[PDB]
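Values below: every heavy atom of this structure, side chains too, minus hydrogens, waters and symmetry copies. Order of listing sets the numbers, starting from 1, for every ligand and every atom in it. So that the names make sense, note that chain A is the first sequence line, chain B the second, and so on, each numbered from 1.
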Amino acid sequence: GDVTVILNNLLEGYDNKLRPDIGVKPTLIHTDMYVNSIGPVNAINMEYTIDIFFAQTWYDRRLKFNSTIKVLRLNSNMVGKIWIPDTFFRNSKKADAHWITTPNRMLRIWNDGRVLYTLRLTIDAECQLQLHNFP
Amino acid sequence: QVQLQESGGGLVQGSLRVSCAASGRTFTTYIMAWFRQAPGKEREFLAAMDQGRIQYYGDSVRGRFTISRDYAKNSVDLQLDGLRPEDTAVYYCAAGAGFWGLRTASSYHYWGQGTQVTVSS
Amino acid sequence: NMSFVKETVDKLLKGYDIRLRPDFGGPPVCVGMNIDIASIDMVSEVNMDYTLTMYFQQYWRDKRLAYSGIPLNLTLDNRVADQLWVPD
Amino acid sequence: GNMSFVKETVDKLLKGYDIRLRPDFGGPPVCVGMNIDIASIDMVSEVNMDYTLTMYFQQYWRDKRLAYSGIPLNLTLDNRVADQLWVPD
Amino acid sequence: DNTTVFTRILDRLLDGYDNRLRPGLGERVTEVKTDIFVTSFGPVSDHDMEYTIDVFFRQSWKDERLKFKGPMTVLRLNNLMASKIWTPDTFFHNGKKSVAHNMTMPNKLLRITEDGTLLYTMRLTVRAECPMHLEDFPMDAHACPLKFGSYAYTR
Amino acid sequence: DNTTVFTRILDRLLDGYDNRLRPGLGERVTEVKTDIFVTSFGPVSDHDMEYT
Ligand SMILES: *[C@@H]1O[C@H](CO)[C@@H](O[C@@H]2O[C@H](CO)[C@@H](O[C@@H]3O[C@H](CO[C@H]4O[C@H](CO[C@H]5O[C@H](CO)[C@@H](O)[C@H](O)[C@@H]5O[C@H]5O[C@H](CO)[C@@H](O)[C@H](O)[C@@H]5O)[C@@H](O)[C@H](O[C@H]5O[C@H](CO)[C@@H](O)[C@H](O)[C@@H]5O)[C@@H]4O)[C@@H](O)[C@H](O[C@H]4O[C@H](CO)[C@@H](O)[C@H](O)[C@@H]4O[C@H]4O[C@H](CO)[C@@H](O)[C@H](O)[C@@H]4O[C@H]4O[C@H](CO)[C@@H](O)[C@H](O)[C@@H]4O)[C@@H]3O)[C@H](O)[C@H]2NC(C)=O)[C@H](O)[C@H]1NC(C)=O
Ligand SMILES: *[C@@H]1O[C@H](CO)[C@@H](O[C@@H]2O[C@H](CO)[C@@H](O[C@@H]3O[C@H](CO[C@H]4O[C@H](CO)[C@@H](O)[C@H](O)[C@@H]4O)[C@@H](O)[C@H](O[C@H]4O[C@H](CO)[C@@H](O)[C@H](O)[C@@H]4O[C@H]4O[C@H](CO)[C@@H](O)[C@H](O)[C@@H]4O)[C@@H]3O)[C@H](O)[C@H]2NC(C)=O)[C@H](O)[C@H]1NC(C)=O
Ligand SMILES: *[C@@H]1O[C@H](CO)[C@@H](O[C@@H]2O[C@H](CO)[C@@H](O[C@@H]3O[C@H](CO)[C@@H](O)[C@H](O)[C@@H]3O)[C@H](O)[C@H]2NC(C)=O)[C@H](O)[C@H]1NC(C)=O
Ligand SMILES: [Cl-]
């Protein structure tokens, strides 16, 4: 298959331990977010729940491919195969991805080497409330 | 009022089976034990069985005496094999919570009347 | 270039014994530790415990992982921590 | 049985063992006997409308692929071999 | 090199080793010497009729397959080596829901002596059943058990 | 053995199979016929605005 050989060529010699532009320049990650729902605000624990689709776009010249196909649209299988940013939420008391039925993640690689990586998340983030004027 | 009846033979020349039946209280969650008292000697621990079907035995009677429990009938049985002349004694059924024990008689609150057993060569 | 960095990392990870600590027969390995306390959440009287979130960072020296010709601190993907030795 | 002999026997049994296929994949159904030892029942809850049950659940079946000879004793293997062996779903 | 000899020793020990078979299988009984250090006796929950206990659970046994000659008598190895060898399948009969801590790493240690004596200790939090008789409550006293043994291997 | 033919069939089926690509990629739209059998309609949590 054309897509199969393209993927094998892209992964041939690829090192997911190293970020793109390890010694050249910083990797630029364009971030996008869709808030499905801001869950309840638990004032006792100083936290609120938020459900989001979190998307990150960047460039990896190792994943450039020349072909009539302009974009490879893939499920969560190659998320662990390619390098992924180690984005983490600083003010998260507890966060978890979604795994039903399969991992709620999506990958899309363009011929120019642009990688779009989206995933569903539910985060319990802390929020220090000043309750002087409550309610 | 709680009672612990015992039954079994009195004289052997040898195998035996001494049974003990409880009344007035369900001992499903208690440890049921067998003790022995010879003339002059102090009461000693022969065997015990726990709610988890775990069996504890004294060193003198390990591998010879076998303890079992029927939880439906609320009874504890002791099969005796390889009897010897020094096994002659009064055998006591007991039930308890095993506080500080499983081997000390003081941990058992309920006691049977005792059954004589004698071995003759 | 990235090819030289890839070769250096592969050379470092080749023949690395995760079972042995940095100086298995030698003197003890010195480990520095520092903590950044992100928050303390639930000091519970009934449970007699507290919840503590932190960035816990350990510092040590492993001469097996020394490299030359790359004037950079290589921040590797966190998956390689499974391949490398770390304190228990 | 000697250690090396038992090792070779187990390796022979597990070599070429297709875990994806049930013990008699071709024709007749495989018979599975089951036994339970109830360790405890803990929390019969009206609020949650459920009860908690701890048990030893034992399954018994026959796999002709795993038959061996020359070792009269039964082989109790490490529990990680269950991942290599087929078991009922 | 200092570490290459120990790497060779470990490779030799694991060469042909079958962790599925207990030591002395089919020829002798594996004798496991055990001890417990209770780091903290957890709180008792009367409602659940249970209690918690945090323990260093130490086991030790002889494995003639793992004897070696080397620079040192004892190899204080990483806990990863434990999974590559046979270890007892000890379990708590009256345990309800126990935890084997793995923060930051698996809280285990394995030490192999030159003669083939293995020491293997774990950090555990055991939540065990403690049935109670509450007729004398609150002036009652209990004897909470902690019972453990092999799951698969008989006497 | 009787099951060796099925083992060979499965090995042949998985030989060269790429599970990263949906069936009929670049040739048609993958049609998934779906259905649900509700074995038990769980309780409704009014506090969470939720149901199992
Ligand atoms: C202390 O001890 C703890 C207990 O040991 C320990 O926790 C465990 O840690 C391990 C290691 O970190 C965890 O393992 C990972 O789990 C990830 C998923 O996590 C979610 O799911 C698991 C349950 O996992 C099942 O479900 C997922 C989702 O579908 C599957 O992806 C898994 O394979 C697995 O499926 C089986 O089980 C299902 C039922 O559960 C069955 O339905 C199914 O049929 C399978 O039998 C949950 O446990 C997680 O929750 C917990 O952890 C989170 C995170 O901390 C907490 O927030 C939460 O509260 C829970 O505590 C969570 O829900 C896996 O993705 C991951 O595996 C990928 O990476 C590893 C390498 O890291 C690969 O080896 C592995 O193959 C996976 O990669 C392949 O697949 C991904 C996904 O598609 C690809 O992106 C990737 O490229 C790669 O693809 C290739 O291979 C595939 C086949 O392998 C192939 O299909 C592809 O096509 C391709 O070729 C890994 O398994 C484990 O979950 C933790 N928890 C438990 C309870 O075990 C803890 O870390 C220890 N702590 C410390 C400090 O040491
Ligand atoms: C739902 O229920 C199912 C069924 O009970 C359960 O499945 C079992 O899950 C476990 C955990 O994922 C599986 O265990 C793993 O199995 C693979 C298989 O390896 C063999 O694969 C084939 C043969 O089938 C051959 O290639 C060869 O024989 C392989 O040995 C192992 O590879 C896994 O090993 C790794 O993890 C071990 C535990 O930590 C390590 O001891 C071992 O060294 C391996 O380490 C990995 O990580 C290291 C870094 O941490 C890395 O350095 C190593 O290189 C390596 O990558 C592991 O034993 C088991 O097979 C499943 N059984 C099945 C599918 O039948 C599900 O997990 C369960 N889901 C839940 C609980 O949510
Ligand atoms: C390997 O395991 C099998 C299965 O456990 C062993 O066979 C079984 O041996 C026991 C003990 O002899 C048999 O049970 C006993 O039977 C009598 C008479 O029915 C009964 O009074 C006892 O209470 C007890 O149940 C059991 O029936 C038998 N099982 C079968 C299927 O024949 C076998 O001996 C083991 N081999 C070795 C080497 O240990
Ligand atoms: Cl709210």
Side-chain angles (χ1 to χ4, degrees), chain A residues 4 7-8 11 14 16-17 37-50 74-84 88-89 92-107 117-124 127 129 134-135, chain C residues 13 16-19 56 58 77-88, chain D residues 11 14-20 59 78-89, chain E residues 14 19-20 78-85 87 97-108 122-125, chain F residues 14 17-22 47-49:
Chain A
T4 295
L7 292 172
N8 300 133
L11 296 174
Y14 193 93
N16 56 8
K17 287 187 279 267
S37 159
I38 291 167
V41 174
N42 190 242
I44 296 101
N45 301 347
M46 295 296 172
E47 80 201 345
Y48 71 105
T49 310
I50 190 171
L74 311 159
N75 62 355
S76 57
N77 289 340
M78 293 177 70
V79 171
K81 294 277 158 51
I82 61 167
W83 180 90
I84 296 283
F88 85 110
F89 287 81
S92 284
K93 291 171 70 167
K94 162 59 80 179
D96 186 74
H98 288 246
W99 311 93
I100 300 282
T101 64
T102 76
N104 299 8
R105 327 193 162 195
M106 171 264 285
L107 198 81
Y117 168 52
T118 310
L119 72 164
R120 193 185 193 188
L121 301 170
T122 291
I123 303 107
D124 291 329
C127 168
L129 309 171
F134 164 87
Chain C
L13 298 174
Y16 184 89
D17 201 338
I18 195 173
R19 296 166 291 190
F56 176 70
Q58 282 154 114
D77 198 72
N78 75 83
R79 63 180 69 258
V80 75
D82 303 302
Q83 301 176 56
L84 298 179
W85 180 94
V86 305
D88 60 344
Chain D
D11 279 2
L14 265 58
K15 210 178 279 293
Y17 184 88
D18 201 343
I19 196 175
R20 300 166 292 189
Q59 299 177 78
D78 189 283
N79 61 354
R80 274 180 286 174
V81 73
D83 301 316
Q84 289 148 276
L85 295 174
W86 180 96
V87 303
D89 60 349
Chain E
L14 300 176
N19 58 348
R20 298 170 295 196
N78 214 38
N79 53 41
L80 187 153
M81 257 285 305
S83 75
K84 299 184 154 278
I85 61 170
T87 52
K97 168 49 158 284
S98 306
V99 173
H101 302 271
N102 62 327
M103 180 66 48
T104 61
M105 296 295 285
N107 301 164
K108 318 170 145 51
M122 293 177 70
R123 192 165 90 82
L124 301 169
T125 295
Chain F
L14 274 294
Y17 191 93
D18 192 16
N19 69 334
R20 299 170 293 197
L21 317 182
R22 66 191 180 73
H47 280 262
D48 304 337
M49 265 170 211

Test your reading of the model: is there a side-chain donor-acceptor pair from E:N107 to the backbone of E:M105, 3.5 Å cut-off? yes
Show me which atoms of ligand 1 lie under 4.0 Å from any heavy atom of A:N77. 83 (O), 84 (C), 85 (O), 86 (C), 87 (O), 88 (C), 89 (O), 97 (C), 98 (O)
How long is the gap from OH on F:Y17 to OG1 on A:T4, to the nearest 0.5 Å? 10.5 Å
Backbone N/O of A:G80 and side chain of A:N16: donor-acceptor pair under 3.5 Å: yes
Would you say atom 43 (C) of ligand 1 touches the protein, meaning some protein heavy atom is under 4.0 Å from it? no
With rounding to the nearest 0.5 angstrom, report the CZ to CG distance, C:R79 to C:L84. 13.0 Å
Closer than 4.0 Å: a protein non-hydrogen atom to atom 63 (O) of ligand 1: yes
CD/C:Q83 to CD1/C:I18 distance, rounded to the nearest 0.5 angstrom? 8.0 Å
Do any N or O atoms from the side chain of F:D18 and from the backbone of F:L21 form a donor-acceptor pair under 3.5 angstrom? no
Taking a cutoff of less than 4.0 Å between a non-hydrogen atom of the residue and any ligand atom, is A:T102 in contact with ligand 1? no
Would you mind listing which atoms of ligand 1 come within a distance below 4.0 Å of any non-hydrogen atom of F:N19? 98 (O)
Nearest-contact summary for atom 27 (C) of ligand 1 - protein heavy atom, Å: A:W99 CE3, 4.3 Å
Distance from E:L14 atom CG to E:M81 atom CE, nearest 0.5 Å? 4.5 Å
Might you check, step by step, whether the distance between atom 100 (O) of ligand 1 and some protein heavy atom is under 4.0 Å? yes
How long is the span from the OG1 atom in E:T125 to the NE2 atom in E:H101, to the nearest 0.5 Å? 2.5 Å
Enumerate the pairs of nitrogen or oxygen atoms, one from ligand 2 and one from the protein, separated by less than 3.5 angstrom; state names and distance to 0.1 Å.
{"from": "ligand 2", "atom 1": "62 (N)", "to": "D:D83", "atom 2": "OD1", "distance (Å)": "3.4"}

For atom 12 (O) of ligand 1, is the nearest protein heavy atom under 4.0 Å away? no
Check for a donor-acceptor pair, side chain of A:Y117 on one end and backbone N or O of A:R105 on the other, with a separation under 3.5 Å. no
Which is closest to atom 90 (C) of ligand 1 in terms of heavy atoms, A:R105, A:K81, C:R79, E:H101? A:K81
Kindly identify the option in A:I100, A:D96, E:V99 whose heavy atom sits closest to atom 56 (C) of ligand 1. A:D96
closest protein heavy atom to atom 3 (C) of ligand 1 is E:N102 ND2, 3.5 Å
Look up atom 113 (N) of ligand 1 and tell me if a protein heavy atom lies less than 4.0 Å from it? yes
Is the backbone N or O of E:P106 less than 3.5 Å from a side-chain atom of E:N79, with the two atoms forming a donor-acceptor pair by type? yes
Rounded to the nearest 0.5 Å, what's the gap from NZ on A:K94 to CD on A:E47? Could you check? 11.5 Å
How about CZ on A:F134, more than 12 heavy atoms from neighbouring residues, nucleotides or ligands closer than 6.0 Å, or not? no
Counting from 1, what ligand 1 atoms have a heavy atom of A:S76 closer than 4.0 Å? 82 (C), 83 (O), 84 (C), 85 (O)
